$ cat final.cif   # mmCIF, N, CA and C atoms
data_coords
#
loop_
_atom_site.label_atom_id
_atom_site.label_comp_id
_atom_site.auth_asym_id
_atom_site.auth_seq_id
_atom_site.Cartn_x
_atom_site.Cartn_y
_atom_site.Cartn_z
N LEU L 1 20.93 -81.95 -90.02
CA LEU L 1 19.88 -81.73 -91.01
C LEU L 1 20.45 -81.08 -92.27
N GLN L 2 19.84 -81.38 -93.41
CA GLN L 2 20.28 -80.81 -94.68
C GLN L 2 19.39 -81.28 -95.83
N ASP L 3 18.69 -80.34 -96.45
CA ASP L 3 17.80 -80.65 -97.56
C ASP L 3 17.62 -79.44 -98.47
N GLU L 4 18.72 -78.74 -98.75
CA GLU L 4 18.68 -77.56 -99.61
C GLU L 4 20.06 -77.27 -100.20
N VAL L 5 20.08 -76.51 -101.28
CA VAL L 5 21.33 -76.16 -101.94
C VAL L 5 21.24 -74.78 -102.59
N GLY L 6 22.40 -74.20 -102.90
CA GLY L 6 22.43 -72.89 -103.51
C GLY L 6 23.29 -72.85 -104.76
N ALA L 7 22.73 -73.29 -105.88
CA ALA L 7 23.46 -73.30 -107.14
C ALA L 7 23.59 -71.90 -107.72
N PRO L 8 24.56 -71.72 -108.63
CA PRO L 8 24.81 -70.42 -109.28
C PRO L 8 23.69 -70.03 -110.24
N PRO L 9 23.71 -68.76 -110.67
CA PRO L 9 22.71 -68.23 -111.60
C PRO L 9 22.84 -68.82 -113.00
N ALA L 10 24.01 -69.39 -113.29
CA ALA L 10 24.27 -69.99 -114.59
C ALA L 10 23.59 -71.35 -114.71
N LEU L 11 23.80 -72.20 -113.71
CA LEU L 11 23.21 -73.53 -113.70
C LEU L 11 21.72 -73.47 -113.40
N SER L 12 21.26 -72.30 -112.95
CA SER L 12 19.85 -72.11 -112.62
C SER L 12 19.53 -70.63 -112.49
N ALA L 13 19.15 -70.01 -113.60
CA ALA L 13 18.81 -68.59 -113.61
C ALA L 13 17.34 -68.38 -113.28
N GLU L 14 16.47 -68.71 -114.22
CA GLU L 14 15.03 -68.56 -114.03
C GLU L 14 14.26 -69.03 -115.25
N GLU L 15 14.77 -70.08 -115.89
CA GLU L 15 14.12 -70.63 -117.08
C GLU L 15 13.52 -72.00 -116.79
N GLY L 16 13.11 -72.21 -115.54
CA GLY L 16 12.52 -73.48 -115.15
C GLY L 16 13.54 -74.43 -114.54
N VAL L 17 13.20 -74.99 -113.39
CA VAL L 17 14.08 -75.92 -112.70
C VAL L 17 14.18 -77.24 -113.45
N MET L 18 14.91 -78.19 -112.87
CA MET L 18 15.08 -79.50 -113.49
C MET L 18 15.68 -80.49 -112.50
N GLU L 19 15.17 -81.72 -112.51
CA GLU L 19 15.65 -82.76 -111.61
C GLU L 19 15.46 -84.14 -112.22
N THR L 20 16.54 -84.71 -112.75
CA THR L 20 16.49 -86.02 -113.37
C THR L 20 17.10 -87.08 -112.45
N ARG L 21 18.07 -86.68 -111.65
CA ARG L 21 18.73 -87.59 -110.72
C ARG L 21 19.09 -86.89 -109.42
N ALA L 22 20.12 -86.05 -109.47
CA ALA L 22 20.57 -85.32 -108.29
C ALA L 22 21.22 -84.00 -108.68
N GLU L 23 22.40 -84.08 -109.29
CA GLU L 23 23.13 -82.89 -109.72
C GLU L 23 23.73 -83.09 -111.10
N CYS L 24 23.74 -82.03 -111.90
CA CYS L 24 24.29 -82.08 -113.25
C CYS L 24 25.33 -80.99 -113.46
N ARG L 25 26.39 -81.32 -114.19
CA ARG L 25 27.46 -80.37 -114.46
C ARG L 25 27.61 -80.13 -115.96
N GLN L 26 27.96 -78.91 -116.33
CA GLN L 26 28.13 -78.55 -117.74
C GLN L 26 26.88 -78.89 -118.54
N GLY L 27 26.97 -78.73 -119.86
CA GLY L 27 25.84 -79.02 -120.72
C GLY L 27 25.01 -77.79 -121.04
N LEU L 28 25.64 -76.63 -120.96
CA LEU L 28 24.96 -75.37 -121.24
C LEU L 28 25.94 -74.33 -121.78
N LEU L 29 26.81 -73.83 -120.91
CA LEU L 29 27.79 -72.83 -121.30
C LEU L 29 28.87 -73.45 -122.19
N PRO L 30 29.57 -74.46 -121.65
CA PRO L 30 30.63 -75.16 -122.38
C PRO L 30 30.10 -76.01 -123.52
N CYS L 31 29.74 -77.25 -123.22
CA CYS L 31 29.21 -78.17 -124.22
C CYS L 31 30.08 -78.15 -125.48
N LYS L 32 31.38 -78.32 -125.30
CA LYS L 32 32.32 -78.32 -126.42
C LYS L 32 33.62 -79.01 -126.03
N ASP L 33 34.36 -78.40 -125.11
CA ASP L 33 35.62 -78.96 -124.65
C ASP L 33 35.42 -80.35 -124.05
N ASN L 34 36.48 -80.89 -123.44
CA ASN L 34 36.41 -82.21 -122.83
C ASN L 34 35.21 -82.32 -121.90
N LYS L 35 34.61 -83.51 -121.85
CA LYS L 35 33.45 -83.75 -121.00
C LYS L 35 32.38 -82.69 -121.23
N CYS L 36 31.73 -82.75 -122.39
CA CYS L 36 30.68 -81.80 -122.73
C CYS L 36 29.70 -81.64 -121.58
N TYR L 37 28.76 -82.58 -121.47
CA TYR L 37 27.76 -82.54 -120.41
C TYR L 37 27.82 -83.80 -119.56
N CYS L 38 27.74 -83.62 -118.24
CA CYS L 38 27.78 -84.75 -117.32
C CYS L 38 26.71 -84.60 -116.24
N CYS L 39 26.24 -85.73 -115.73
CA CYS L 39 25.22 -85.74 -114.69
C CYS L 39 25.51 -86.80 -113.64
N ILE L 40 25.64 -86.37 -112.39
CA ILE L 40 25.92 -87.29 -111.29
C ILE L 40 24.83 -87.23 -110.23
N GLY L 41 24.33 -88.39 -109.83
CA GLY L 41 23.28 -88.45 -108.83
C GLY L 41 23.04 -89.86 -108.32
N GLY L 42 21.99 -90.49 -108.83
CA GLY L 42 21.66 -91.84 -108.41
C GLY L 42 21.24 -92.72 -109.56
N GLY L 43 21.78 -93.93 -109.62
CA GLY L 43 21.44 -94.85 -110.69
C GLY L 43 21.82 -94.32 -112.06
N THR L 44 22.67 -93.29 -112.08
CA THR L 44 23.11 -92.69 -113.33
C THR L 44 24.61 -92.46 -113.32
N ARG L 45 25.05 -91.41 -112.63
CA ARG L 45 26.47 -91.08 -112.55
C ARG L 45 27.17 -91.38 -113.87
N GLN L 46 26.85 -90.59 -114.90
CA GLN L 46 27.45 -90.77 -116.21
C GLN L 46 27.72 -89.42 -116.87
N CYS L 47 28.63 -89.42 -117.85
CA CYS L 47 28.98 -88.20 -118.56
C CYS L 47 29.22 -88.48 -120.04
N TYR L 48 28.76 -87.57 -120.89
CA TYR L 48 28.92 -87.72 -122.33
C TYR L 48 29.71 -86.55 -122.92
N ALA L 49 30.75 -86.87 -123.68
CA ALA L 49 31.58 -85.85 -124.31
C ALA L 49 31.49 -85.93 -125.83
N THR L 50 30.71 -86.88 -126.33
CA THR L 50 30.54 -87.05 -127.76
C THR L 50 29.55 -86.04 -128.33
N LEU L 51 29.81 -85.58 -129.54
CA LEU L 51 28.94 -84.61 -130.20
C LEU L 51 27.49 -85.10 -130.21
N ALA L 52 27.32 -86.41 -130.37
CA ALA L 52 25.99 -87.00 -130.39
C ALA L 52 25.19 -86.62 -129.15
N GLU L 53 25.82 -86.74 -127.99
CA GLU L 53 25.17 -86.41 -126.72
C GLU L 53 25.32 -84.92 -126.41
N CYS L 54 26.33 -84.30 -127.00
CA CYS L 54 26.59 -82.88 -126.78
C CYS L 54 25.67 -82.02 -127.65
N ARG L 55 24.99 -82.67 -128.59
CA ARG L 55 24.08 -81.97 -129.49
C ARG L 55 22.65 -82.48 -129.32
N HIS L 56 22.52 -83.74 -128.94
CA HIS L 56 21.21 -84.35 -128.74
C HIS L 56 20.83 -84.36 -127.26
N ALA L 57 21.84 -84.48 -126.40
CA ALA L 57 21.61 -84.50 -124.96
C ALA L 57 22.35 -83.36 -124.27
N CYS L 58 22.12 -82.14 -124.74
CA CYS L 58 22.76 -80.96 -124.17
C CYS L 58 21.88 -79.73 -124.33
N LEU L 59 21.25 -79.60 -125.49
CA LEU L 59 20.37 -78.47 -125.77
C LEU L 59 19.08 -78.57 -124.98
N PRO L 60 18.39 -79.72 -125.11
CA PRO L 60 17.13 -79.97 -124.41
C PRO L 60 17.33 -80.15 -122.91
N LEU L 61 18.58 -80.33 -122.49
CA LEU L 61 18.90 -80.51 -121.08
C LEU L 61 18.37 -79.34 -120.25
N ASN L 62 18.68 -78.13 -120.68
CA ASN L 62 18.24 -76.93 -119.98
C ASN L 62 18.60 -75.67 -120.76
N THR L 63 19.76 -75.70 -121.41
CA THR L 63 20.23 -74.56 -122.19
C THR L 63 19.33 -74.32 -123.40
N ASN L 64 19.56 -73.21 -124.09
CA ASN L 64 18.78 -72.86 -125.27
C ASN L 64 19.68 -72.53 -126.45
#
$ encode --input "final.cif" --output "structure tokens"
Amino acid sequence: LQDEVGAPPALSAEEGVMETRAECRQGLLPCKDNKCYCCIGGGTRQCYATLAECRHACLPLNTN
């Protein structure tokens, strides 16, 4: 059995949860260096490192 996870306080502090696919990496703290924001789950598994997505698809993602 398995239907739970324990993410860090950074990827999930207390500013509202989020679920678009499965799991998402970066796109909050970093959002600058290689591979700005990426999201892996289902029917998606994609990552954007371009400023376009790092500025348009990074802020509204969850960070402020």
$ closest_residue --input "final.cif" --among "L:41, L:50, L:58, L:2" --to "residue 20 of chain L" --atoms "only N, CA and C atoms"
L:41
$ atom_distance --input "final.cif" --atom1 "atom N of residue 28 of chain L" --atom2 "atom C of residue 60 of chain L"
9.2 Å
$ axis_aligned_box --input "final.cif" --around "segment 23-38 of chain L" --padding-each-side "6 Å" --output "JSON"
{"center_x": 29.4, "center_y": -78.8, "center_z": -117.9, "size_x": 26.1, "size_y": 23.9, "size_z": 29.1}
$ atom_distance --input "final.cif" --atom1 "atom C of residue 27 of chain L" --atom2 "atom C of residue 54 of chain L"
7.9 Å
$ closest_residue --input "final.cif" --among "L:5, L:17, L:10, L:49" --to "residue 29 of chain L" --atoms "all atoms listed in the file"
L:10
$ select_by_dssp --input "final.cif" --residues "chain L" --states "alpha helix (DSSP H)" --output "short mmCIF file (atom, residue, chain, number, x, y, z; two decimals) with N, CA and C atoms, in the frame of the given file"
data_model
loop_
_atom_site.label_atom_id
_atom_site.label_comp_id
_atom_site.auth_asym_id
_atom_site.auth_seq_id
_atom_site.Cartn_x
_atom_site.Cartn_y
_atom_site.Cartn_z
N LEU L 51 29.81 -85.58 -129.54
CA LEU L 51 28.94 -84.61 -130.20
C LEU L 51 27.49 -85.10 -130.21
N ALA L 52 27.32 -86.41 -130.37
CA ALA L 52 25.99 -87.00 -130.39
C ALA L 52 25.19 -86.62 -129.15
N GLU L 53 25.82 -86.74 -127.99
CA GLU L 53 25.17 -86.41 -126.72
C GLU L 53 25.32 -84.92 -126.41
N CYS L 54 26.33 -84.30 -127.00
CA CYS L 54 26.59 -82.88 -126.78
C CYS L 54 25.67 -82.02 -127.65
N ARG L 55 24.99 -82.67 -128.59
CA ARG L 55 24.08 -81.97 -129.49
C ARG L 55 22.65 -82.48 -129.32
N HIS L 56 22.52 -83.74 -128.94
CA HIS L 56 21.21 -84.35 -128.74
C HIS L 56 20.83 -84.36 -127.26
#
$ atom_distance --input "final.cif" --atom1 "atom N of residue 19 of chain L" --atom2 "atom C of residue 56 of chain L"
16.0 Å
$ resolve_selection --input "final.cif" --expression "the PyMOL selection byres (((chain L and resi 34 and name CA) around 12) and name CA)" --output "PyMOL selection string"
chain L and resi 26-27+30-33+35-38+47-51+54
$ resolve_selection --input "final.cif" --expression "the PyMOL selection byres ((chain L and resi 23) around 6)" --output "NGL selection string"
:L and (21-22 or 24-25 or 39-41)
$ select_by_dssp --input "final.cif" --residues "chain L" --states "strand (DSSP E)" --output "JSON, numbers by chain"
{"L": [23, 24, 25, 26, 37, 38, 39, 40, 46, 47, 48]}
